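Heads up: the structure comes next, in structure tokens.
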Amino acid sequence: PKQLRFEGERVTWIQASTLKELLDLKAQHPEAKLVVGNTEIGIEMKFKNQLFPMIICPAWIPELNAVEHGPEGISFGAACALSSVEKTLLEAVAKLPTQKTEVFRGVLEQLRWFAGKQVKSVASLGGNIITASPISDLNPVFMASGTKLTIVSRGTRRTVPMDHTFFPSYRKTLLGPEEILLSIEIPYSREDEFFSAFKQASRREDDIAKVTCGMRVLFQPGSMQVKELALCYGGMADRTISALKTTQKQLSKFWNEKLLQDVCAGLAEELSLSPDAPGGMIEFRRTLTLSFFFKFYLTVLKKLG
Amino acid sequence: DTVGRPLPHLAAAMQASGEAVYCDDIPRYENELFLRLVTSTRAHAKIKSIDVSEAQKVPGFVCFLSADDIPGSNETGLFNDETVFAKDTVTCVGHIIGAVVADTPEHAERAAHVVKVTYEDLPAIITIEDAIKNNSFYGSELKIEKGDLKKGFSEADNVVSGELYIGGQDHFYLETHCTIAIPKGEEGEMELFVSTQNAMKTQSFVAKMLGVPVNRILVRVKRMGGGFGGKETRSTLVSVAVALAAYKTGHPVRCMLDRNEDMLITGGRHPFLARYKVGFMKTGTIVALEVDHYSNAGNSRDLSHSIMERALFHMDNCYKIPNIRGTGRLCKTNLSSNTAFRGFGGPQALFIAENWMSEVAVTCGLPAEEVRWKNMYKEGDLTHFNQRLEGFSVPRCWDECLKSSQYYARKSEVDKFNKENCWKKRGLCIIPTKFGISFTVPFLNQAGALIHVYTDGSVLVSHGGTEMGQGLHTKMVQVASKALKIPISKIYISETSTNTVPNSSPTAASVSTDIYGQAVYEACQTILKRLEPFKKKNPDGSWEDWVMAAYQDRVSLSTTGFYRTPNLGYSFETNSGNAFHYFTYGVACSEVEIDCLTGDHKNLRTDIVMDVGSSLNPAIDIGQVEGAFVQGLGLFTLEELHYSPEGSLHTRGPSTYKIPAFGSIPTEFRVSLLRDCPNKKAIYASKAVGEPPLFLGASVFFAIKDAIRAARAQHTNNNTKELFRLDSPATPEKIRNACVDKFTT
Amino acid sequence: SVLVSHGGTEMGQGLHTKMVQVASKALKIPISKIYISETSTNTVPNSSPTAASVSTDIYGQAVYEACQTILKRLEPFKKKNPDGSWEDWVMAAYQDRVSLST
Amino acid sequence: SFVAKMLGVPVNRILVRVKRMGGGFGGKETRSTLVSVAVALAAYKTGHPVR
Amino acid sequence: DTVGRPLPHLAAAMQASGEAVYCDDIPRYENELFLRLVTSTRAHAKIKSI
Amino acid sequence: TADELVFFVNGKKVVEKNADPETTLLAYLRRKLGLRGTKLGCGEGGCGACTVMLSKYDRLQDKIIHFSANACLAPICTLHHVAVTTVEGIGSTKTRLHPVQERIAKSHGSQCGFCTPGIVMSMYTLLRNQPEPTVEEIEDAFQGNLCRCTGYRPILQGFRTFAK
Amino acid sequence: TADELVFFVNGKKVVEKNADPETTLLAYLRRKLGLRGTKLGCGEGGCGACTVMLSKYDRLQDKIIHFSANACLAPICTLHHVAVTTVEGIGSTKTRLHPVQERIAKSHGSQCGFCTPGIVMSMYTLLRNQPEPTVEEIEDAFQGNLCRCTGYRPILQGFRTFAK
Ligand SMILES: Cc1cc2nc3c(=O)[nH]c(=O)nc-3n(C[C@H](O)[C@H](O)[C@H](O)COP(=O)(O)OP(=O)(O)OC[C@H]3O[C@@H](n4cnc5c(N)ncnc54)[C@H](O)[C@@H]3O)c2cc1C
Ligand SMILES: Nc1nc2c(c(=O)[nH]1)N[C@H]1C(S)=C(S)[C@@H](COP(=O)(O)O)O[C@H]1N2
Ligand SMILES: Nc1nc2c(c(=O)[nH]1)N[C@H]1C(S)=C(S)[C@@H](COP(=O)(O)O)O[C@H]1N2
Ligand SMILES: O=C(O)c1ccccc1O
Ligand code: MOS
Ligand code: MOS
Ligand code: FES
Ligand code: FES
Ligand code: FES
Ligand code: FES
């Protein structure tokens, strides 16, 4: 498996056969574009009239395609196909204890009413993350669970949990101009830790105004007191955001009728939408944010009991 | 004789193998070039200029086509009120300004993209409201009025009124518009292969822009990967542009639109705005109705007029109304011109009618099926336009549908669920429909055919109708096979062409099987007559024998066929005279289960009973019923078009416009064709089936509304006879926002 | 405009020119309004080979008859409107759903 | 006929179009099928337009 | 009525300009192939092989 | 000095010496290879009219895996050493229809027929990964396939014979 | 490292970067340039159906001379810097016929019309070398032109108007 190079009218393409080659090419050409499934780029070029003369495809590189089962969760190469992630998670869910597969469940929920078999078989996991669409259904679940992103760039190497800081601005992420996402580790669920994911049953705009979310809660052992709370939403801004302000006001709090209304009041204010919000459907989008949590709430009382 | 048998679509095997050839599958000539339409990016402005400096630099560039390149006329459109190419101003976003021709589709797209146009915006009318505020309509108001309003509006116990709106819809035929133009290089001749339901108008339009006699243009239609009405006229937008390029360059040229170009330019279904008022007794009986229809027409007339007429002819659905009055107004706006779409105005009207009806049974605290049945027509009654309803079968369909669907037992089950569930509700509703069959424009109700019997006995049939998936050709082969009394295998239909059957009407208004069927029948007869003398001489001889004998004895084995629909001609003045040849009836029952927290819902079950008379092919007819119904369910609950305030469409693809998917159909989906209900008015007692079933899709819309109501009584106020407005489509947004609770407040 | 088609083929003898001349006379309209594009098996079947010098005789007759059939159909419209042009009568015959193909 | 018979298909499948001839004088009354059938076969066998 | 008048061949103008299309003047498709007949070189024989 | 792009289509080797990075598999199939069985229905991946099956050996699970894909978004440059299977690659009427093509044809699951090739390929792929699937799996095979003519009912009913 | 072949046809420059020595002007005209006005009637030089006019500057008599030639036997490699004129290069019906084309058309000198382009070009050439030729010169212009339809009479009679 040697490196290949293709030259066309306006673009040049390189099939990197090694992670070393990839780190070199990305370093030598920061601006270059990585392509795995092209289910995003192909759209940018065709409909967004975007020209990227430099393109590198890593799909061949071991790593970026490796699947590991660690004592923290399961790790997938960022180039892995969503259908792969789906498969590996369906097995886990079927073999492991329900208490360990919470987050996994949520990810499988987002992958359900998701494109079709054709898209999921070529759309890479890393692809979805970095594209940073405001309406990505996965990032809200990866952030809500502080998923582990092992990032790289020739020489350097670091791992960090996804959060509100990973998505600086619209379409932008916390990745070095020469950095590439190498792998992701979806977290095993801990005792007293429950997860939920929902998403609007419709889409009317290219990449905005479609509520999608990932919610996680961690209670104190043997009690109904909140230790941690994460409510990350999509389709509510030019990026994946978290109701950090609200979930803070609930730590060490008790999961009950009060907290429900307190978190609701917190969302309606913190995630407020102006009358001229890009995407419209203001009345509906506020209601979904509150309504999705309500289900989270109800589902948790069940899991708690 | 295969008539009445479920013979599968003659081309289904080849469509499954990919051997069936569609317009763009035809091989390109070694010198075939490509065209890309240059569209406006403003809704209403002035073309200060057009710069192609950059375009001219793109590899493979050939030329740019403007209104100045046109040798003939730059005036086109069903009512000569359009431009093949915009000249001074653009009246809508997707307005065609020009087109770039290049050696590859890519080069024509990149080049077309870089064509700089300079605009000077002008006041733009975009909504129906915007139009009224500026008195901006096409022509004068239409209206049918029978009896007298006040006298009924007084006699009425209760009187309800309001405003209603139904959104548009994109045809979304899997195969977009497409044309291949071949200049023959002699006497202006041009041969074109196009995906269109209207070969005639395509022929005329190309000749008029070229400024050549119609007898020079040959338009050939093999098949369409769907048309649904969107290819009845708007297809000429591309055709003429490609014909010009063929002429100007002397090269064969082609063009197939991308999905985003298609939805933006070709237009779609007419969005309707309505303002009604109903007068009724507390028995749920209607005695006075009034409705003012308003449609968004676009930047040209097209078929808007006839569409408003079908709407008006349908504002009554299946209910007899003593004193009725309904008007219609086409709104001129800076949006792409809307055109025909399976239903041709009927769906919009039938919807509005069902809306005030649903409100009647409510405000009266009476069962829905009780009311609709009270107001339903009776055999021999007359419509609001005075036509006698003979062979009215709605009652048979209605009673049977209720039976086979176990409507009453299920209605109970539904109510129980609505009591045992707090954030989920179910709805159930059975709705009838009648659809007038025939072009509302008298002269289009004509069809011709041409038949040849070759000396080997094989037969080649040709008729003015086109194939778009409805299985017209399959049916004609079935008809011919019976009439000539020979196996279907010996008969064959290749394509539709203007040099075989001229001045044909567009394949539309669901009458194709009726008219061409008759036209093919007659031609078969003419053949039989000629062969008769040889059948006698040799009775034990085979069909082949008699054909060879008739040829050897110099008897012509080629003939035409023709048919004109008998007794038609309604008048908007005198409000009298048949508008249709008959009507098609159906009744559907649909149950849903909404989710009061998300706005999403499920289509649990659906039972349909259609009256297609004695079906020529029951497999084809059930398929039409199902597919029509699904487009209906789409129109009423899923498909939503959205434009920016500037009149620029945002939903330009499957990602932002959702047509029904595999999992969208009702879990329990049963369709039944009424038995023993022959139609004397049409070929072999069959009945048009193409468009009539589409409205039944509304049965889903109203079940949904049924549930939303149970959700209101739940977490909201306590108004039994309250009436909340729910427009179409009933998207997740509209449903949720209707489910008022401690969250939406 | 008229499009004529017949079982004969053109090889330089000027068969089409003659048929256009015949049709032009029979229909009593200028040659310019009549046109013949080609010969095809899906327009006129089981035709004899263009040969034995009889093409002008037979197809001429065949085109004459078809012209007559057309004239018959248009007759009722020629009467109603005597000062009307050929175009007028044709549009009228179409609008009144009269087949203009034979 | 000849093309259909060599292909073994009903005559109603073959469409023969003649625009004009740069002379025939009788030599194209039958013998022309010598080439026609051969080219029809090639079209069939290869599924490619052939001349 | 032009019957009996010396009307020149309707296509004479186009044949003089080379616009009249003959069979081989029709453009080839991008995938059109070519055939060449293989003929006998004997008047009467047996095809032992090819 | 450019590397050749080598891959397969319907079991026949295809060597592209001047592959252009911007070239989609769909365009290559229709234009260069002249296989118009695969259609363009939207160019953005949501209708499946352009569906095909891709096969590629995996230096891991050993076995050559099979999955469906939207050719309208598949760059040919990502297909080096990948085998492609189009509708014309599994059967025809000039020879023999694959059971999937015969089934959908006889069950009235094809009307205008433009969406058929893709649905046939989605199903073909499923059966390739699972000889006898569940009605649920069969239905999920068409998440990314749209049909505007049938109403879907007939299609699903015809493929039910492959379940259990 | 091959020299480009450069020449002209109907006043338009034609650059052939890979000229093939075996390529005849006739084939090049019909196939590469798509100018089917010039016909193939025998391939051996005796019928003239493939006649065209060649023009080439002569480093001697100064003036650019004009002569007719059989394109079926003219190798394109011998045409570097030579200008070619085909029938479509002197007039048409989409614009205006050259007097020669209008004359032969109206004089009934064209029947099946296959030999016409070449005869038109032979005449065009004559008039180019001699505006007002003798009936003898006119007749000699067609030594290498054959027509099977007319009997020749009409053609000669129509070009008589150019003599004296
Ligand atoms: C019809 C359709 C329906 C869809 N539905 C959904 C949905 O419901 N919810 C949802 O969330 N998404 C959805 N998507 C989006 C899809 O999930 C993303 O388009 C896809 O996963 C992007 O991955 P890819 O491999 O195709 O990437 P590519 O097109 O290659 O695009 C990837 C982008 O990420 C960068 N990138 C790629 N790999 C790496 C790496 N290893 N390291 C660093 N940067 C990298 C690229 O440079 C580029 O900017 C849909 C797409 C289609 C076509
Ligand atoms: N499969 C398929 N069915 C279809 C259509 C289509 O495009 N595809 N067009 C519809 C519309 S809009 C009309 S008017 C009638 C068309 O013709 P018919 O007259 O033969 O029944 O078919 C209906 N059924
Ligand atoms: N110019 C020209 N004239 C021609 C021919 C021809 O090929 N070219 N064929 C001849 C022969 S052999 C016959 S049988 C008749 C053809 O037809 P006609 O029947 O129309 O007169 O034309 C004669 N005249
Ligand atoms: O009445 C119709 O349904 C109709 C449909 C298409 C065109 C003209 C028409 O009158
Ligand atoms: O929309 Mo159907 O009258 S073509
Ligand atoms: O030789 Mo003329 O009978 S064709
Ligand atoms: S064309 Fe629609 S998904 Fe490929
Ligand atoms: S048969 Fe037309 S879209 Fe499926
Ligand atoms: S072809 Fe006869 S001389 Fe050239
Ligand atoms: S006109 Fe036929 S050879 Fe001259």
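In the text below, chain A, chain B and the rest are named by the order of the sequence lines, each starting its count at 1. Every number for a ligand or one of its atoms is a count from 1 in the order of the listing. Values below: every heavy atom of this structure, side chains too, minus hydrogens, waters and symmetry copies.
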Pair E:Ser17-G:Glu88, side chain to side chain donor-acceptor pair (under 3.5 Å): steps then yes or no:
CA-CA 6 Å; E:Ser17 66; G:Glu88 41 262 303; over 6 Å; no
Decide yes or no on ring-ring contact (aromatic ring centres under 6.0 Å, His included) for F:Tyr152 and B:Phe669, but give the supporting numbers first.
CA-CA 10 Å; F:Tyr152 301 108; B:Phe669 200 12; over 10 Å; no
Could you walk me through whether D:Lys19 and B:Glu186 pass the salt bridge (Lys or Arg N to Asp or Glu O under 4.0 Å) test, one step at a time?
CA-CA 11 Å; D:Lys19 178 70 174 177; B:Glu186 298 175 39; 3.7 Å; yes
The test is salt bridge (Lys or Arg N to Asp or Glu O under 4.0 Å); show your working for E:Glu19 and G:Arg36 and say whether it passes.
CA-CA 8 Å; E:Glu19 287 174 283; G:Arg36 285 100 185 180; over 6 Å; no
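Under the ring pair (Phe, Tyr, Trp, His ring centres under 6.0 Å) criterion, B:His177 pairs with B:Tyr173, sequence neighbours left out. Residues passing the ring pair (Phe, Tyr, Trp, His ring centres under 6.0 Å) test with B:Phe228: none are found, sequence neighbours excluded. Taking G:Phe159 as the reference, G:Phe142 meet the ring pair (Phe, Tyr, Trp, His ring centres under 6.0 Å) condition, with sequence neighbours excluded.
In this structure, the protein non-hydrogen atom closest to atom 1 (N) of ligand 3 is G:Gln111 OE1, 2.8 Å. The closest protein non-hydrogen atom to atom 19 (O) of ligand 3 is C:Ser55 OG, 2.8 Å. Protein heavy atom closest to atom 8 (N) of ligand 3, with residue, atom name and distance, is C:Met11 O, 2.9 Å. Among all protein heavy atoms, the one lying closest to atom 14 (S) of ligand 3 is C:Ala52 N, 3.2 Å.
Contact check on C:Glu38 versus D:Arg17 returns a salt bridge, with a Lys/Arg side-chain nitrogen under 4.0 Å from an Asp/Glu carboxylate oxygen.
Note that atom 23 (C) of ligand 3 has no protein non-hydrogen atoms nearby, at separations under 4.0 angstrom.
Below 3.5 Å of separation, one finds an N or O of D:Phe25 facing an N or O of ligand 3. Some N or O of C:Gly12 is nearer than 3.5 Å to an N or O of ligand 3, by distance alone.
Distances below 4.0 Å separate heavy atoms of D:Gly23 from the following atoms of ligand 3: 7 (O). The distance from ligand 3 to the heavy atoms of D:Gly24 drops below 4.0 Å at these ligand atoms: 6 (C), 7 (O). Counting atoms of ligand 3 from 1 in the listed order, those under 4.0 Å from a heavy atom of G:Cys149 are 1 (N), 2 (C), 8 (N). Those atoms of ligand 3 that come under 4.0 Å of a heavy atom in C:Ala51, given as number and element, are 14 (S). Near D:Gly26, meaning under 4.0 Å from any of its heavy atoms, are these atoms of ligand 3: 12 (S).
Neighbouring protein atoms of atom 2 (Fe) of ligand 10 (N, O or S, distance under 2.8 Å, waters ignored): G:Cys112 SG, G:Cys149 SG.
A distance of 6.0 Å or more separates the ring centres of C:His16 and E:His9.
Comparing heavy-atom distances from atom 16 (C) of ligand 3 across C:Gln13, E:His9, D:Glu29 singles out C:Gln13 as nearest.
Contact annotation: the side chain of E:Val3 never approaches that of C:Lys18 to less than 4.5 Å [non-hydrogen atoms, C-beta and beyond].
In this pair, B:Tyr657 and B:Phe172 present their aromatic rings parallel. The plane angle is below 30°, not in the 30 to 60° band.
Side-chain contact, B:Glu232 with B:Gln197: no donor N or O sits under 3.5 Å from an acceptor N or O.
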